[PDB]
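Novice: What follows is a structure written as structure tokens; I'll ask about it next.
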Ligand SMILES: Cc1cc2c(cc1C)N(C[C@H](O)[C@H](O)[C@@H](O)COP(=O)(O)O)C1=NC(=O)NC(=O)[C@]1(O/C(C(=O)O)=C(/O)C(=O)O)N2
Ligand SMILES: Cc1cc2c(cc1C)N(C[C@H](O)[C@H](O)[C@@H](O)COP(=O)(O)O)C1=NC(=O)NC(=O)[C@]1(O/C(C(=O)O)=C(/O)C(=O)O)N2
Ligand SMILES: Cc1cc2c(cc1C)N(C[C@H](O)[C@H](O)[C@@H](O)COP(=O)(O)O)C1=NC(=O)NC(=O)[C@]1(O/C(C(=O)O)=C(/O)C(=O)O)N2
Ligand SMILES: Cc1cc2c(cc1C)N(C[C@H](O)[C@H](O)[C@@H](O)COP(=O)(O)O)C1=NC(=O)NC(=O)[C@]1(O/C(C(=O)O)=C(/O)C(=O)O)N2
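Residue numbers (the authors' numbering), protein chains in the order written: chain A, 5 to 183, 206 to 356; chain B, 5 to 183, 206 to 356; chain C, 5 to 183, 206 to 356; chain D, 5 to 183, 206 to 356.
Written as structure tokens, this is what we have:
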């Protein structure tokens, strides 16, 4: 799987960049808990069903995706490889997986979107509502299909790895969308009224926040502790997903991320009730280790592992994988 | 117990063969979980009962067995020792334990069955229904007493040990029954209508699959994650057994396997409600380390450990061992 | 506490004797679980009560004891020190703690009892009922106050340490009461009708066995997996004690043993509802390391630790310690 | 965070003093459990609330504090640094955090209180009720705002580190308030009738003790196992807090301590329902490593971490942090 890639990335990247990537907030309690949560989940597979036409495809936000997965927004991809966002966006397009353009992309969102595929745009709320809504309109004018409003960063968590490294953006990595402020529910309304694209709230962990996101007109949420990078001691998304799925009752798409490292982890997420996962760090290890061709290989291996895991679980379709039962281990 | 044998086998076998044997799918989460599940189970022994006539015998599929245990189907036994299946089948016969002939046996099922004893036949479903049913008829014509239909291998799991070893069958190990396709419930019907032998579905983990197996006319099931070799993250059988036993309500025999390493583990399986266990890897460690006499010694040591464990638990009979209570530890 | 003593004993004893002492059955799952069970138990202390007259004394089987504790029966004490049972019995008497004379004592039970104090006698059932009942009468004629009928040894568990050591009784260690058979409930009746002493069944783990022991006229039970020396995978006593206490409802004394290593462990046992503990291995480490004076020092340190733990928990009396609540940790 | 400081303190202090500070009673089961309890607690953060005016302030015992935190009473602060209590009290005052003057302060309580700020006084009950009540009156005459009656030390726990070190007060460290006896509920009444200051019972772990403390006229309790220094095997405070909070139903302030090492730990304590925490050992590591300026820096870092954690959890106020939900991990 992806475990060699992690090493290959540790080798090629300067320590302080691999730390920017790998790290969480505080004591990294939430970073590690993301993995322990997935490792505790056991799937109950079903046997003897028709697998003649096993398909990993889903429809999400009006469109077909090849797998129940999107590339998570990860800022400043030129930190990992000279072609940064463009290499990832190309591989994503060719794998039929959505790609989430960041607000802090090291290439302009217009350029990334011209790559084609299914680009989404991740929004950080700026101090000026008009700058925020102009970023939303640019993304929509540029053909982005969803606004992934990041709602768990009223400010960045305390990253002790980057504080200890005195890490700072190299001169040659820029925020290309530019020549910030806590978001609120009113900020969500402002975006929702400005766009006809689906608004996807990223970083929901409370059941009542899931519910309110539906009330608020979200088309989706991402059940996420931000890869353990925001509140240290935040519950993992994976530990809140089943509850959140039951409370939303079909009222928006429910994605999850944090620690997805395999196809089997995708199967577990789907059996908990997720519509799709986001994968972050692994796509940046592939990017670091081998640029566009590395990301394309990661996405093919993940595509094979999802298909393998589904069929061994008796699931012809992602919808069947959602109906699987689970059992929690120790 | 068997722990020396494991070492003795590691010594004598080429690394890549010991890996074929020892390995599971994916990250081996289900391989390890099989052991953690049994280690969590504590038996509540009963005291002061009559042990004058302690007997480990059971009746299963019309016939007496000496212990609540059969040899699991393990392909290509000539990988482990020159006499392969014949050495194991001889030791099994002389120990009064059923032996499961594989579809991928490295000696023909007719030869293995001529050894006598209580041979069962494990069926992999082939692409051609007529080849499948002809393998069933051969087994029945050859005096096999049960068809162990393996229902958890629509295709083989991803074995990272064998992928990393680029492992492949030596020239001198053949599939002797030959000069494959996902099974379904219709495949089960096809076998059930073709034979009067008991059909035993191997690889059931879902309660509703157990129930349906009874509905379908199975004479037995094996509650099994295939030794952690199929879906990585599949629940252990041992973790589903009690639920499955309660749902079947006596309607077929319920075997379990995965990680049985002692007589006490046999006692635990029986106290959870299993009719019998299958033992896989340990019979191949004995075979590797000492051929027929090694398997016979393993089966005598297991026979002594089962009898010891039963009497220390106050059980004169396997039926009394099924009535024991358990308590789950950490 | 006792942890230095363990080392001091490892130093002075031949490896194979320290193994006779330290060891359990099978994989020692039940030996280790005894410790993990006590370590999981947290006491909820009470504050601000009157401690003016804190007393560790109890009345058990008609008589006062200085602490809620007795010395467990441990065979062949001359293995650990030349004065063997006599050194332990002297220290026990002078500490006001009952001492359990073994059926396999390396000094005659008449000699051990002449030491005075509060000797109990542990009975193994022999093949001949008349030899058994004659051992009971000797103990009673010798002034023993209780018969501790060991009911968890229809035969000795498989001790892999002693099998691997080919351990056997030295020539100079004898069974002094001599110049065996599974006990049953009828054996219990036979003893109960032969003596007016309290009969204490040692090795009860099932709730229904506790209840039946009361029905049968037992004056006590010892909730015990025999220090993990009998069924490997037997639940720890400490894990069944609260349930057993509730089911007996005051109908006999309920002792527990296995892994008691401190006064705080005595407090935990009492807060679970035990009347008293037995301590085995620690009394033999003291004996090995320093003979009679070593056992007397162990008993004084345990006496101080029990008194300390009780007062820090707000308990003036052992009866108050039984009313404490507990909380189970991980 | 504080983890470097711990090392810096280990370096500068004599082993036997760092052990006086770091150590618990018995096997330190309760010392370690304090940390495992906090590490098991996950917060469920809320998103998208107004953080325009995030404030860490609370009102407690009539007065504003800058953070939900006080310095715990820790005896003989001149052990850690020449300025001992005065350095800590100065830093506490300037950080707007209450400081708890000990009965065994190595500077007189009148001197410590002249520093100003929000001094509380911790009371150990003496053999003579009149000495006890005269210490209470001195504290009140000296402008202390609360009496923190320590109710979990009828006598000091067995500190094996200090027994093994034969540790004893250096000649140059004195008990400055001087030129002891178990407290009871009558002792609590005696203090309550002698002072109009709030009486805060420190070392409550039982629900019924919490309730009785309210009945008794306490203004507060501290849910505390005394940093694992008193009963070894005492439940952690953090494990009883939620239950205690629910039982008090607003009837007194409920503080907690034991193992608070960060702002996130403060957030966890508050989400469990605590009014405020006490921090002990970390304030003495800062003191040892850098005297007054070290304590002031610790309090600024803790102040920043609390504010960070609150905002990442969507809490504008400590009252909002109390309403957060939690989820217990493994
Ligand atoms: C290096 C880096 C950068 C980001 C992010 C993650 C990493 C690892 N994230 C979090 C991801 O989208 C995301 O939830 C996953 O990382 C968590 O899952 P995973 O890596 O285990 O698969 C991001 N999530 C977002 O919504 N937006 C990002 O820009 C996003 O937030 C920022 C940022 O812009 O600087 C951070 O610095 C940070 O999150 O710590 N950027
Ligand atoms: C080397 C090897 C080979 C097999 C199998 C196991 C091993 C270890 N199994 C699984 C066993 O029957 C079985 O459930 C036990 O192995 C699991 O228990 P255990 O070894 O812990 O006691 C097999 N179970 C079957 O129903 N049929 C086999 O042929 C069986 O499946 C195949 C195969 O034919 O190639 C596999 O390669 C595989 O399972 O991974 N073969
Ligand atoms: C070396 C030795 C010997 C014995 C026993 C224990 C040890 C350690 N026991 C078990 C104890 O009475 C007892 O329950 C405790 O050992 C378990 O608690 P602990 O040592 O953790 O405090 C014994 N319990 C009994 O009722 N009778 C003994 O003679 C007793 O049983 C025999 C025997 O006679 O040979 C054993 O060999 C054995 O138990 O394994 N003898
Ligand atoms: C070195 C030392 C000394 C004390 C105390 C703690 C330490 C570490 N305490 C316990 C604290 O107030 C307190 O609850 C915290 O230590 C527990 O939390 P933490 O250090 O993990 O943050 C104390 N709590 C009190 O109410 N009074 C103290 O004097 C207090 O009790 C005494 C004493 O006076 O000698 C002790 O020796 C002892 O507690 O073990 N003194």
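All residues carry an ideal CB built from backbone N, CA and C; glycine is no exception.
Quick one: Cα of residue 264/B to Cα of residue 38/B, how far?
Specialist: For the purposes of this step, residue 264/B is taken as the residue at position 238 of the second chain. For the purposes of this step, residue 38/B is taken as the residue at position 34 of the second chain. If I take the Cα positions, the gap works out to 7 Å.
Novice: Whose CA, out of 348/D, 167/D, 225/D, lies closest to the CA of residue 271/D?
Specialist: Here residue 271/D refers to the residue found at position 245 when the fourth chain is read from its first residue. Closest by alpha carbon: 348/D.
Novice: Beta-carbon separation of residue 283/D and residue 51/C under 8 Å?
Specialist: Sequence index remark: in the fourth chain, residue 283/D carries index 257 (1-based). Sequence index remark: in the third chain, residue 51/C carries index 47 (1-based). No; because the gap between Cβ atoms is not below 8 Å, this pair is not in contact.
Novice: If we cut at 8 Å on Cβ distances, does residue 284/C have a partner in chain B?
Specialist: Translated into the one-based positions of the third chain, residue 284/C becomes position 258. It does not; no Cβ of chain B falls within 8 Å.
Novice: Using the beta-carbon count (16 or more within 10 Å), is residue 226/D buried or exposed?
Specialist: Position 200 of the fourth chain holds residue 226/D. Buried, since its Cβ has 16 or more Cβ neighbours within 10 Å.
Novice: Which residues in the same chain have their Cβ closer than 6 Å to the Cβ of residue 291/B, if we skip the five residues on either side of it in sequence?
Specialist: In the second chain, the residue the question calls residue 291/B occupies position 265. So the list reads 42, once near-sequence residues are dropped.
Novice: Would you mind working out which of 44/B, 275/B, 297/B, 49/B sits nearest residue 191/C, comparing C-alpha positions?
Specialist: Chain C lacks the residues between 183 and 206, and residue 191/C is one of those with no coordinates.
Novice: Can you name the residues of chain C whose CB is closer than 9 Å to the CB of residue 44/B?
Specialist: Taking the second chain and counting its residues from 1, the one referred to as residue 44/B is at position 40. Correct list: empty, because the minimum Cβ distance to chain C is about 10 Å.
Novice: Taking only three categories from DSSP, how would you classify residue 132/C?
Specialist: Position 128 of the third chain, counted from the start, is the residue given in the question as residue 132/C. Here residue 132/C sits in coil by DSSP.
Novice: Is the beta carbon of residue 304/D less than 8 Å from the beta carbon of residue 29/D?
Specialist: For the purposes of this step, residue 304/D is identified with residue 278 of the fourth chain, where counting begins at 1. For the purposes of this step, residue 29/D is identified with residue 25 of the fourth chain, where counting begins at 1. Going by C-beta atoms, residue 304/D is not nearer than 8 Å to residue 29/D.
Novice: Is the region 144–162 of chain C in contact with the region 115–128 of chain C, if contact means three or more CB pairs nearer than 8 Å?
Specialist: Verdict: yes, contact present.
Novice: At 9 Å on the CB atoms, spell out the chain B contacts of residue 256/C, in chain order.
Specialist: Within the third chain, the letter at position 230 stands for residue 256/C. What residue 256/C touches in chain B: 49, 338.
Novice: Less than 7 Å separating the Cβ of residue 77/B from some heavy atom of ligand 2?
Specialist: Translated into the one-based positions of the second chain, residue 77/B becomes position 73. True, at least one ligand heavy atom lies under 7 Å from that Cβ.
Novice: From 314/B, 300/B, 287/B, 277/B, pick the residue whose C-alpha is nearest to that of residue 186/B; which is it?
Specialist: Within chain B, residue numbering steps from 183 directly to 206, and residue 186/B belongs to the interval with no atoms modelled.
Novice: Using CA coordinates, which residue listed in 356/C, 294/C, 309/C is at the minimum distance from residue 344/C?
Specialist: In the third chain, residue 344/C corresponds to position 318, counting from 1. Looking at the Cα atoms, 294/C is the closest of the given residues.
Novice: Going by beta carbon distance, what residues of the same chain come within less than 6 Å of residue 341/C, once the five residues before and after it are set aside?
Specialist: Within the third chain, numbered from 1, the residue matching residue 341/C stands at position 315. Cβ neighbours of residue 341/C beyond the five flanking positions: 347.
Novice: How about the region 325–333 of chain C and the region 68–77 of chain C: do they share at least three Cβ pairs that are nearer than 8 Å?
Specialist: Touching, yes, given that three or more Cβ pairs across the two stretches are closer than 8 Å.
Novice: Could you tell me the boundaries of the beta strand (DSSP E) in which residue 181/A lies?
Specialist: To locate residue 181/A, count along the first chain from 1; it is residue 177. Segment: none, residue 181/A is in no beta strand (DSSP E) and carries neither H nor E.
Novice: Taking the straight line between their C-alpha atoms, what separation do you get for residue 247/D and residue 277/D?
Specialist: What you label residue 247/D is simply residue 221 of the fourth chain in a count that begins at 1. What you label residue 277/D is simply residue 251 of the fourth chain in a count that begins at 1. The alpha-carbon atoms of residue 247/D and residue 277/D are separated by roughly 10 Å.
Novice: Which chain B residues are close to residue 55/A, counting only those with a beta carbon under 8 Å from its beta carbon?
Specialist: Taking the first residue of the first chain as 1, we reach residue 55/A at position 51. Under the 8 Å cutoff, chain B gives 158, 208.
Novice: Do the region 118–137 of chain D and the region 75–93 of chain D touch if we need at least three Cβ pairs shorter than 8 Å?
Specialist: Result yes; three or more Cβ-Cβ pairs closer than 8 Å.
Novice: Can you list, in chain order, the residues of its chain with a C-beta nearer than 6 Å to that of residue 209/B? Leave out the 5 residues immediately preceding and following it.
Specialist: Indexing the second chain from 1 puts residue 209/B at position 183. Closer than 6 Å at Cβ, skipping near neighbours: 129, 155.
Novice: Quick check on the DSSP output: what are the complete beta strand (DSSP E) runs of length 3 or more inside the region 212–276 of chain C, in order along the chain?
Specialist: 225–230, 246–249, all fully within the region 212–276 of chain C.
Novice: So, helix, strand or coil for residue 21/A, using DSSP?
Specialist: By one-based count along the first chain, residue 21/A stands at place 17. Looking at residue 21/A - three-state DSSP - the assignment turns out to be helix.
Novice: Taking only heavy atoms of ligand 5 into account, decide whether any of them is closer than 7 Å to the Cβ of residue 106/C.
Specialist: Summarising the ligand content, the structure contains ligand 1, ligand 2, ligand 3 and ligand 4 and does not contain ligand 5.
Novice: Quick test of the definition: if touching needs 3 or more C-beta pairs under 8 Å, does the region 159–171 of chain C touch the region 57–67 of chain B?
Specialist: In short, these stretches do not touch, since the Cβ pair count stays below three.
Novice: Assuming the contact rule is C-beta atoms closer than 8 Å, residue 85/C and residue 317/C should be a hit. Round their C-beta distance to whole Å, please.
Specialist: On the third chain, residue 85/C is found 81 positions in, with the first residue counted as 1. On the third chain, residue 317/C is found 291 positions in, with the first residue counted as 1. The pair is a contact, with the Cβ atoms about 5 Å apart (cut-off 8 Å).
Novice: What number of angstroms, rounded off, separates the C-alpha of residue 152/A from the C-alpha of residue 217/A?
Specialist: Along the first chain, read from residue 1 onward, the residue named residue 152/A stands at position 148. Along the first chain, read from residue 1 onward, the residue named residue 217/A stands at position 191. Whole-angstrom Cα-Cα distance: 11 Å.
Novice: Count the other C-beta atoms from every protein chain shown that fall within 10 angstroms of the C-beta of residue 22/A, then say buried if there are 16 or more, exposed otherwise.
Specialist: Translated into the one-based positions of the first chain, residue 22/A becomes position 18. The residue is buried, with at least 16 neighbouring Cβ atoms inside 10 Å.
Novice: Hey, how far is the Cα of residue 296/D from the Cα of residue 224/C?
Specialist: Reading the fourth chain from its first residue, position 270 is the one you call residue 296/D. Reading the third chain from its first residue, position 198 is the one you call residue 224/C. Answer to the nearest angstrom: the Cα atoms are 55 Å apart.
Novice: Which two residues bound the contiguous alpha helix (DSSP H) that contains residue 116/D?
Specialist: Working through the fourth chain from its first residue, we reach residue 116/D at position 112. Where residue 116/D is concerned, the enclosing alpha helix (DSSP H) stretches over 113–118.
Novice: Which chain A residues sit within Cβ distance under 9 Å of residue 155/B?
Specialist: Mapped onto the second chain, residue 155/B falls at position 151. Residues of chain A passing the Cβ test: 51, 52.
Novice: State yes or no: is the C-beta of residue 253/B nearer than 7 Å to some heavy atom of ligand 2?
Specialist: The residue labelled residue 253/B in the question sits at position 227 within the second chain. Yes.
Novice: Under a three-way DSSP split, which group does residue 72/A fall into?
Specialist: Against the first chain, residue 72/A aligns to sequence position 68. Three-state DSSP puts residue 72/A in coil, outside helix and strand.
Novice: Taking CB distances under 8 Å as the criterion, tell me whether residue 245/C reaches chain B.
Specialist: Residue 245/C sits at position 219 when you count from the first residue of the third chain. Judged by the 8 Å Cβ criterion, residue 245/C is not in contact with chain B.
Novice: Applying a beta-carbon distance threshold of less than 7 Å, which residues of chain A neighbour residue 288/D?
Specialist: As a position in the fourth chain, residue 288/D is number 262, starting the count at 1. By Cβ distance, chain A contributes 30.
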